[PDB]
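Below is one structure, written out as C-alpha cells; the observations come after it.
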Amino acid sequence: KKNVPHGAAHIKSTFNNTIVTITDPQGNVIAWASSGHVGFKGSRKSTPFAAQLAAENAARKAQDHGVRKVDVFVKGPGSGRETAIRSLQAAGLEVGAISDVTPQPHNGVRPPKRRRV
Amino acid sequence: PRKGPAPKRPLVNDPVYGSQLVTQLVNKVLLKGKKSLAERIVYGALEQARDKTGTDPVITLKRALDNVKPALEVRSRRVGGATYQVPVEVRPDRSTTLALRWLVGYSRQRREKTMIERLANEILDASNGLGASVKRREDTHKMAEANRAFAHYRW
RNA sequence: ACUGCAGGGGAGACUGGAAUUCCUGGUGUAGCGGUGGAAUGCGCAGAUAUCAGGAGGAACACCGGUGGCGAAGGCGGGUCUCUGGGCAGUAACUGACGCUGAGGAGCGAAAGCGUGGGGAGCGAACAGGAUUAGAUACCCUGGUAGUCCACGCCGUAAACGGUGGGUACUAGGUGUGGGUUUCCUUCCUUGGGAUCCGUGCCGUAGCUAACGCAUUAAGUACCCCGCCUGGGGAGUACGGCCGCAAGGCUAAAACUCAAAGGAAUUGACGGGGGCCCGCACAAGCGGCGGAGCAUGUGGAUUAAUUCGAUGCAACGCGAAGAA
Ligand SMILES: [Mg+2]
Ligand SMILES: [Mg+2]
Ligand SMILES: [Mg+2]
Ligand SMILES: [Mg+2]
Ligand SMILES: [Mg+2]
Ligand SMILES: [Mg+2]
Ligand SMILES: [Mg+2]
Ligand SMILES: [Mg+2]
Ligand SMILES: [Mg+2]
Ligand SMILES: [Mg+2]
Ligand SMILES: [Mg+2]
Ligand SMILES: [Mg+2]
Ligand SMILES: [Mg+2]
Ligand SMILES: [Mg+2]
Ligand SMILES: [Mg+2]
Ligand SMILES: [Mg+2]
Ligand SMILES: [Mg+2]
Ligand SMILES: [Mg+2]
Ligand SMILES: [Mg+2]
Ligand SMILES: [Mg+2]
Ligand SMILES: [Mg+2]
Ligand SMILES: [Mg+2]
Ligand SMILES: [Mg+2]
Ligand SMILES: [Mg+2]
Ligand SMILES: [Mg+2]
Ligand SMILES: [Mg+2]
Ligand SMILES: [Mg+2]
Ligand SMILES: [Mg+2]
Ligand SMILES: [Mg+2]
Ligand SMILES: [Mg+2]
Ligand SMILES: [Mg+2]
Ligand SMILES: [Mg+2]
Ligand SMILES: [Mg+2]
C-alpha cells in the first residue's frame with residue numbers, strides 16, 4: 001500500500017549474478033527481483049539476457065507501487081551493467097540520472113590470492 | 001570451404017506447374033537417380049491434394065511450408081568444459097531447404113500404403129497446422145527459446 | 001668551518017578519510033554465494049540486497065614516474081618533536097691526518113621462536129565439496145597458527161647489477177633528478193652555452209669463448225681484502241663454537257664416474273604466437289559395425305595345411321584363374 005512517485009533503482013552486477021532493487025530516495029526497498037528470481041540457476045545468471053529480465057521483473061513490480069521515475073546507481077564489474085539500464089526504459093520508467101557508486105578502496109584490506117587456474 | 005562461397009545451382013521451372021517450388025520438392029524425394037519415379041510421386045500427391053480441398057495445390061503447398069519454416073535453429077558449439085546449443089537466425093533459402101526435408105522426411109515413416117498418399121496427407125496436415133512436420137517447428141523453436149542466454153556466442 | 005639546496009633516510013607521540021567484516025534497528029521477500037560446469041556452505045527462525053547509527057583491526061587510492069633517499073636489508077595518509085647522511089658554491093682553517101682491512105664487532109627481507117597484548121581481512125596445518133584410474137594437489141565454501149604491536153632471540157634468501165672497496169686516464173650522441181654560472185636579460189625562455197654530483201638508454205677504440213660490457217667498464221693501469229682448482233659423495237659426517245629450539249658457522253675422507261659444464265648453431269618438437277591450405281570439421285547424401293554368403297588374414301587343427309605381406313603405407317595383397 002506504499003505509494004511514492006519518485007524512486008531510486010540500484011543495480012549490482014558481479015561476474016556471477018545481477019540484482020536490481022528499487023527504493024525510494026529515503027532508502028527503503030520496494031521491489032528487488034533479481035536474476036535467480038527470474039528462473040536461472042548456475043552460470044546462466046551472469047549472461048546479459050538474465051540481466052534484462054531481472055530489470056523487467058523489478059520494474060513492473062515497482063510500477064504497481066506507483067514508481068514512475070527512478071535514479072540509477074549501478075555498481076560492480078559485470079556484463080549486465082548496460083543491458084539492465086536499457087531494460088528499465090522499455091518497461092515504462094524514466095531513468096533520469098545514471099551514476100556510478102562502485103566501491104573503490106584506498107588500498108585498505110588485503111585481497112585474496114590470485115587464482116592459478 | 002576455406003575459399004569463400006561456392007556457386008549454387010539453378011533450378012528450371014517445372015513444366016506441369018509453373019513454379020520452382022515443385023521441382024525443388026522432387027529432388028528431396030529423389031533417390032538412386034529415379035527422377036521420373038520421383039516426379040510421378042510429387043505430381044501424383046498434388047493431384048490427390050486437390051481432390052480433398054479443390055484449391056490449386058501449389059497454393060496448398062506454400063501454406064504447408066509457411067507452417068514448417070523455422071525462424072531460429074539451434075547450432076552447437078563447445079565453449080569450455082561443457083558444450084551447449086546456440087540459437088542463430090535462419091537465412092531464407094535455408095528455411096525452404098530445412099522445411100522440404102521435413103515434409104519428405106516425416107512422410108516416409110507415416111502409416112499409409114503408397115508414397116503418393118503418404119506425401120499427400122502430410123501436405124494437407126501441414127496446410128492446417130496439425131501434422132508431425134509442424135510439431136518439429138515448435139520443437140526447434142522451444143529449444144531455441146530455452147537458450148536465449150547463450151546468444152552472445154555467435155562464432 | 002660558513003652560506004645555500006633537494007629528499008618515501010630513521011625514531012617517537014598524536015591523528016584523517018575511503019573500503020572489508022561484525023553488531024544494533026528501518027524497509028523488503030526467496031534466494032544468495034560459487035565455478036570450465038557444479039557441489040559443500042549461508043538462508044527461509046527473515047539471508048543477499050538497500051538506508052542510518054555504533055564497535056574494531058589492518059593497509060595507505062589519486063600524487064607515483066622511465067623518479068627520489070639510504071652502507072645494504074629496505075623506505076611514502078597528515079602533523080609536531082628529536083636525529084643521521086649527501087650535493088653545489090666561497091677558498092676562511094688544519095697540513096698527508098689518506099685507501100684497504102686477516103681475526104673481530106655492529107646492522108641485517110621473509111619464515112620461525114620466547115613472554116604479554118591485539119586479531120578486521122588474508123591464510124600454512126585442517127575439514128568438507130568437486131575433478132580424476134587415484135588427488136594427501138590445482139579450482140570452491142569454511143578455517144587455526146601466523147601476518148599486526150611491545151621487549152628479546154634467530155642471522156638465513158636468486159640478501160642479485162648473479163659484477164668487493166679507493167684512485168687516475170681513455171670518441172661522442174641523447175633523456176631525466178639536485179646545484180652554481182655566462183650570452184640575446186628582460187629578446188623572459190625559464191630555451192641556449194659552460195662546469196660539479198646522481199640516474200637510465202644507444203654507441204667508437206679496446207676487451208670477451210660467445211652473448212655482450214663500453215667515462216656508472218667486463219677498457220688501460222697501480223694498492224689492499226675475500227674466494228676458486230673436474231662432477232657426485234656434500235655445504236653432509238665427526239669435532240668445536242653460537243642458539244631456548246628449529247637450525248646456522250667452520251669443514252673432511254673412503255668410494256664412484258670420464259665426464260659434469262658455459263655460450264652460440266642447425267634441426268625436430270610444444271596442451272607457444274601470426275598468417276595460410278586439405279572432404280579435416282561444419283552443412284548434406286549414401287554406407288560399414290548387426291544377418292546369410294563370397295574372398296584374404298590371425299588363431300587353432302593336421303601327415304601337410306608351401307612361402308611372402310603384419311599401424312597408416314598387411315589383410316578381394318604377390319595370386320590377371322590352386323580339381
Ligand atoms: Mg621522512
Ligand atoms: Mg568507517
Ligand atoms: Mg568481527
Ligand atoms: Mg537487517
Ligand atoms: Mg546489509
Ligand atoms: Mg608516518
Ligand atoms: Mg700554513
Ligand atoms: Mg675499513
Ligand atoms: Mg616476522
Ligand atoms: Mg611450532
Ligand atoms: Mg610471536
Ligand atoms: Mg600469543
Ligand atoms: Mg581435502
Ligand atoms: Mg583455500
Ligand atoms: Mg615502536
Ligand atoms: Mg641482532
Ligand atoms: Mg649464503
Ligand atoms: Mg632484495
Ligand atoms: Mg654470491
Ligand atoms: Mg674496481
Ligand atoms: Mg670511505
Ligand atoms: Mg653522467
Ligand atoms: Mg649497451
Ligand atoms: Mg670477462
Ligand atoms: Mg671433488
Ligand atoms: Mg651443517
Ligand atoms: Mg655436529
Ligand atoms: Mg644451452
Ligand atoms: Mg607450430
Ligand atoms: Mg560430417
Ligand atoms: Mg557383417
Ligand atoms: Mg599364410
Ligand atoms: Mg583392393
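Just so we're on the same page: letters track the sequence lines, and every chain starts at 1.
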Original post:
Which residue, A:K45 or A:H10, contacts RNA chain C at a nucleotide closer to its 5' end, judged by nearest heavy atom?
Top reply: A:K45
**OP:** For B:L31, answer base if it contacts any base atom (sugar-phosphate contacts may also be present), sugar-phosphate if it contacts only those atoms, and nothing otherwise; contact means non-hydrogen atoms under 4.0 Å.
**Re:** sugar-phosphate
Original post:
NA contact type, B:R2, heavy-atom cut-off 4.0 Å: base, sugar-phosphate, or nothing?
Top reply: base
Original post:
What integer distance in Å separates A:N16:CG from C:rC140:P?
Top reply: 11 Å
Original post:
With a cut-off of 6.0 Å (strictly less than), are more than 12 heavy atoms of other residues, nucleotides or ligands near NZ of B:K35?
Top reply: no
Subject >> Residue A:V109, side-chain heavy atoms: nucleotide from C:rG26, C:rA120, C:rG278 that is nearest >> reply: C:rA120
**OP:** Please confirm whether neighbouring nucleotides C:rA55 and C:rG56 meet the stacking test: six-membered ring centres under 5.5 angstrom apart, planes under 30 degrees.
**Re:** yes
Subject >> Interatomic distance, A:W32 CH2 vs C:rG46 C1' [rounded to whole Å] >> reply: 11 Å
**OP:** Can you tell me, in whole Å, how much space there is between the P of C:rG278 and that of C:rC285?
**Re:** 24 Å
Original post:
With rounding to whole Å, what would you report as the distance between C:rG172 and C:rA205 at their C1' atoms?
Top reply: 12 Å
**OP:** Using the P atom on both, measure C:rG112 against C:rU147 and round to a whole Å.
**Re:** 6 Å
Original post:
Mind checking the P distance from C:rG192 to C:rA71? Whole angstroms is fine.
Top reply: 33 Å
Original post:
How close or far is atom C1' of C:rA283 from atom CD of B:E73, stated in whole angstroms?
Top reply: 10 Å
**OP:** Would you check if the side chain of A:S87 reaches a backbone N or O of A:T83 as a donor-acceptor pair within less than 3.5 Å?
**Re:** no
Original post:
Does the sign of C1'-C2'-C3'-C4' make the C:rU190 sugar north or south?
Top reply: south
Original post:
From C:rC285, C:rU50, C:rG37, pick the nucleotide closest to the side chain of A:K75?
Top reply: C:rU50
Subject >> Under-3.5 Å donor-acceptor pair between B:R101 side chain and C:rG284 base >> reply: no
Original post:
Can C:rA150 and C:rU115 be counted as paired, Watson-Crick or G-U wobble, both distances less than 3.5 Å?
Top reply: yes
Subject >> Touch class at under 4.0 angstrom, heavy-atom based, for A:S34 against every strand present >> reply: sugar-phosphate
Original post:
How would the sugar of C:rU216 be described, north or south, if a positive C1'-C2'-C3'-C4' means north and a negative one means south?
Top reply: south
Original post:
If you sort sugars by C1'-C2'-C3'-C4', with positive as north and negative as south, where does C:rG46 go?
Top reply: south
Original post:
Mapping B:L98 and B:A82 to their closest nucleotides on RNA chain C, which lands nearer the 5' end?
Top reply: B:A82
**OP:** Go through C:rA39, C:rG278, C:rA49 for me and flag the one nearest to the A:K41 side chain.
**Re:** C:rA39
**OP:** Name the closest nucleotide to the A:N17 side chain, picking from C:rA19, C:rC32, C:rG121.
**Re:** C:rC32
